[PDB]
């Protein structure tokens, strides 16, 4: 309803996956060219797809964990979801990626629903997909 969890393993070490979530130039490649902007610090803002997705870093524990406030700009001004991303070392050059997306609103500011699938398709179909296919990180 308001949360989902995605779990994936990559044959690459945690720091490289951590980079991919926090580095403007990697984020832009994962966005197929739309400018990602990143101020990488606690309280630092971020923006993907020219401000279509915005957020703020709230915890940066390199290279194991990040936590974010995170919204599409079309959500209510007040509404912010929480994204937590863990990069867990299974063994050498093998990382377990666990993404948790909580506190997803039932609808945007124009009372349109289907917000949860939109967040989930965003991760599976674009972002997490391109880590494999664009960045060339092999996945189970």
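Numbering follows the first chain given and starts at 1.
Remark: stretch with higher mean C-alpha B factor among 32-40 and 80-88 is 32-40. Stretches 108-116 and 52-60 differ in mean CA B factor, with 108-116 having the higher one. Per the PDB record, residue ranking by Cα B-factor puts residue 125 in the middle third of the chain. Ranked against the other modelled residues of its chain, the C-alpha B-factor of residue 73 as given in the entry falls in the highest third.
Residue 100: CA B factor in the lowest third of modelled residues in this chain (values from the PDB entry). Residue 45: CA B factor in the lowest third of modelled residues in this chain (values from the PDB entry). Ranked within its chain, residue 132 lands in the highest third, by CA B factor from the PDB record.
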